[PDB]
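Taking the form deposited in one PDB entry, here's one chain by itself in structure tokens.
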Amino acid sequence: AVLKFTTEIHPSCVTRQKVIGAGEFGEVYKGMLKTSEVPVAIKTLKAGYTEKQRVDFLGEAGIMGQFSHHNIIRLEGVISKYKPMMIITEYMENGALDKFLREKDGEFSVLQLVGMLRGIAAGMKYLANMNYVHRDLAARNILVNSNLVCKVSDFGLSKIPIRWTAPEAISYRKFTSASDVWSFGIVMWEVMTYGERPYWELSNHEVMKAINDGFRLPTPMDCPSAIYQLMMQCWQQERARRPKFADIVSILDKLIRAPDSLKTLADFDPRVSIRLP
């Protein structure tokens, strides 16, 4: 009953080409899939996996089959009847959003950046409504297609993402859609800075200390006032005071549909001073 919304793929339809990462008990590959070839990513469960690993692997496939949304990575199908077992998803030539933005610094309009955030928020609203808590929302877990559409994914830990994680999730392991909202605020900051490292060189302990003392990330350069205000509200210490994803999607949609609203920029706090006549 775990694989209700998933298609079973026969192994003869799949060609693993090059290793692109590490799974939990198997490699992740780039490959080709032939139905109706399309490029795919392929996570495998290799010989020797434990019962817990099998349960988690097939459960992941099952949950992924349930999702059908423009801003969630699409499951092509699963190989469960043969070994090794596989989870097969679409593949994005542009890759993960964090590396993408870092390699394309300054190349997009404010409206393009905000549109990426609206899509991420819409995907997160869907997950939260489906009662799925992501727990690792970060630009590193978002794929970008050739139309600039962002697809929320989960590639596993890179490393504990302290600086993306809400205080209550760090302090007492309370992961909810409201802690995902905190993470989404960090993702907003990553996007508007073209992939800067949150909190720069602060250590994990220094970040938590700063947050507990009330400090928050400063505005990115060239950032719409409305966008900075929204990310700041995602970082409220009190979980219940944060916007829900429905609120975030609504605001971002309204800002995009009235784009003059994005012309008012938050003041950027200069780190250096250059004196010239």
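From 1 onward, residues are counted along the sequence shown. Throughout, rigid core stands for the largest set of C-alpha atoms superposing within 1.5 Å between the two forms.
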query: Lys159 coordinate gap across at least a third of other entries; finding: yes
query: Other entries modelling both neighbours but not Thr50, at least a third; finding: no
query: Unmodelled stretch of the deposited sequence separating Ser36 from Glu37, binned as none, 1 to 3, 4 to 9 or 10 or more; finding: 4 to 9
query: Chain break class for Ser158 to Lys159, judged by how many deposited residues have no coordinates; finding: 10 or more
query: Segment of higher mean CA temperature factor, 14-22 or 254-262; finding: 14-22
query: Which of 231-239 and 57-65 has higher mean CA B factor, as the PDB entry lists it; finding: 57-65
query: From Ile73, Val149, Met92, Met124, residue of greatest CA B-factor; finding: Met92
query: Member of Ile211, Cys223, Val249, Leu45 with the greatest C-alpha B factor (per the PDB record); finding: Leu45
query: Ranked against its chain, the third holding the CA B-factor of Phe215; finding: middle
query: Third of the chain's Cα B-factor distribution that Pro167 belongs to, per the entry; finding: middle
query: Chain thirds of CA B-factor: placement of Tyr29; finding: highest
query: Third of chain Cα B-factors occupied by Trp200; finding: middle
query: Entry-reported Cα temperature factor of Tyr132, expressed as the chain third it lands in; finding: middle
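FYI, the form deposited in another entry isn't displayed, but the following is about it.
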{"property": "Flagged residue of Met208, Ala226, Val28, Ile251 - C-alpha shift reaching 2 Å or more between this form and the one not shown, core superposed", "result": "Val28"}
{"property": "Core fit, then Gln17 C-alpha moves 2 Å or more between this form and the one not shown", "result": "yes"}
